[PDB]
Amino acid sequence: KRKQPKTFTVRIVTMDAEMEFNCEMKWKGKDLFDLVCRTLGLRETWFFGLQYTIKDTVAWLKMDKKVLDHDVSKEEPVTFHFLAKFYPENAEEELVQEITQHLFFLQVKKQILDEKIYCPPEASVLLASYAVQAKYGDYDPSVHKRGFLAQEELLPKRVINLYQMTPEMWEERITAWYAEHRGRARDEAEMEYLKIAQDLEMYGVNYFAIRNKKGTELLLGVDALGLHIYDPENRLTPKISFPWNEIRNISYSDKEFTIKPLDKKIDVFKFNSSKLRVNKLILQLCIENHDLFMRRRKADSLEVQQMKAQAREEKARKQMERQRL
């Protein structure tokens, strides 16, 4: 009764470090998630999740379900990856905390370096120069001599392989730019990185292999702004886009999704996805990106009505004071 343990070890991998916790057997995804966020000193929690792997696909820990009721490998230690599941529409405006900025920066940078997000050559060099400023601080020629970035992974392999320039030549190109960032703090460098990275075409898009009613292979993109249909030969530019405020509803029925445009003149867009595991993620990401999009609109409109009011209050206050003279 009191001899069976009340907890089990869970390993949590962030972009920074790994750490272990005592997860209570009864705990839900929310309990474990909140413990991780508290430990990290992270309050902008809504962008994040705890990911594991079901078969070959990614699975996020569901908040309302028991940790142990998930299909996660139970070999000691049960491991989860603390990652961003949602991206802001404007990183500079939305990522208030340094920890949030840092975690987004490392994850997005890994996506860039792993070629999960296409990045052109010049952009890649500029991005590397900010990653160097963030890690090394201000450029110092007496300390940062030739070969100082020799052991660093700074550009996508795709970019390195297009030119056949030597590592020291890439380092020179990166150092030339790095010299221009003198004075910028770590958080400032990481934010300049994100401002460039957030304008990349594949940034923040969750792609899924889908088929239309005619059996034509396409890619679905679920992002902060809406649902997007890509031709599989082009992941950069979608051919059709349905912004979250221009969708009446999304319905799912027997491996078939139906996007119902708000404009009744546009016909419904039906598509098929085979794996039920994937269909659960698509729905999750639609419901949750839609909700965050709506909340940004509510925050935007509230922020306007607060300025309007404060301007009227302050203008009227200052007028009242002028009439007392």
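Just count from 1 along the sequence shown to find any residue number.
When the two stretches 179-187 and 230-238 are set side by side, the higher mean Cα temperature factor goes to 179-187. According to the PDB record, 299-307 carries the higher mean C-alpha B-factor of the two stretches 21-29 and 299-307. Across 243, 221, 88, 137, the entry's maximum B-factor at the CA atom is seen for 137. The residue among 107, 166, 101, 206 whose C-alpha atom has the highest B-factor in the PDB entry is 166. Sort the modelled residues of the chain by CA B factor and residue 38 lands in the lowest third. Per-chain ranking of the deposited C-alpha B factor places residue 130 in the middle third. Split the chain's modelled residues into thirds by C-alpha temperature factor. Residue 158 is in the middle one. Ranked within its chain, residue 282 lands in the lowest third, by CA B factor from the PDB record. Among all modelled residues in its chain, residue 201 ranks in the lowest third by Cα B-factor.
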